[PDB]
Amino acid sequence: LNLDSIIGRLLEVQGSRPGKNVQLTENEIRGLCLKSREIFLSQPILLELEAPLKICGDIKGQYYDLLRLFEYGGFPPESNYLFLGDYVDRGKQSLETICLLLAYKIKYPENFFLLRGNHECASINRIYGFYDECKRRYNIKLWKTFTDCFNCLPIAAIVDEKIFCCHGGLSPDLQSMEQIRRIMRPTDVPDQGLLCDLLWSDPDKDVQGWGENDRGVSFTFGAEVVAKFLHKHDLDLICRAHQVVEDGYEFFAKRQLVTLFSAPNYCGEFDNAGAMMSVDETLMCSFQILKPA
């Protein structure tokens, strides 16, 4: 597997025509899936990470925005990275997006980290774009290969014992961090339970405790649930993604939670920015932002 050749071809389109494709070979992409899947399984499902690092929210197949984020924050391994999921679907270039991320995971497995989002799930990506992209540009066998890889992604991360990171949010079934560690892989995303909530749930300002989620699955949770959770586990901040926020980042519950959304120009009702959160050596948080066009 020629990682450097794969990465070079993926980076070559920097500054190129609007949405120029990078078409790797089917064998190259299969290698990316198999080697990265092996690495994911060898590392904990609940990652224990160290700052400084940069944390990104949703990319949703916006490959050229992923390149801008690496341009702004430093291409790996110049900075450590944690991504919070939702790499595929919706966008025009999910394949380039997930392939560059998997290539970086294989090249720098101790300095580059990818969490699972709710779109790293076959039943979701059958509807929202990644399936059609794989079928159009490769074949469905490769799409199954991606799904086998997605099923081994880690689900959460804790940065220096203080910042809890996941794609969706909290769970009414999440009482101990060991519950996350006991989850076996490979696994699909269930329509209910701890793993589902970690990838699907949302914080809500107008809910007290746990409420119904407009997405039709999982729950919403209020500011007090966040406060109680941070106290019980001696944490300072919840870092999640999953929800489009206009500024690319939005704090919640008196800065006890932050939402990161890294795909700009995504929403149809408002022009959103994309934000990447820089966490320095002492866990101080700043932002690098893709302003809307």
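Numbering starts at 1 and runs along the sequence shown.
*Would you determine, from the values in the PDB entry, which of 201-209 and 84-92 has the greater average C-alpha temperature factor?*
Result of the comparison: 201-209.
*Output the stretch having the higher mean C-alpha B factor in the entry; the candidates are 243-251 and 28-36.*
That would be 243-251.
*Can you tell me which of 141, 126, 182, 116 has the highest Cα temperature factor in the record?*
Within the set 141, 126, 182, 116, 182 shows the top C-alpha B-factor.
*Top residue by Cα temperature factor, when 155, 101, 158, 174 are compared in the entry*: The record points to 174.
*Sort the modelled residues of this chain by their C-alpha B factor and say whether residue 216 lands in the lowest, middle or highest third.*
Its C-alpha B-factor belongs to the highest third of this chain's values.
*Ranked by Cα temperature factor within the chain, is residue 168 in the lowest third, the middle third or the highest third?*
Tercile = middle for this residue's CA B-factor.
*Going by the recorded CA B-factors, say which third of the chain residue 191 sits in, lowest, middle or highest.*
According to the entry, residue 191 has a C-alpha B-factor in the chain's highest third.
*Record-listed C-alpha B factor of residue 148: chain third*: For residue 148, whose C-alpha B-factor we compare with every modelled residue in the chain, the answer is the lowest third.
*Among the chain's modelled residues, which third holds the C-alpha B-factor of residue 222?*
Highest third.
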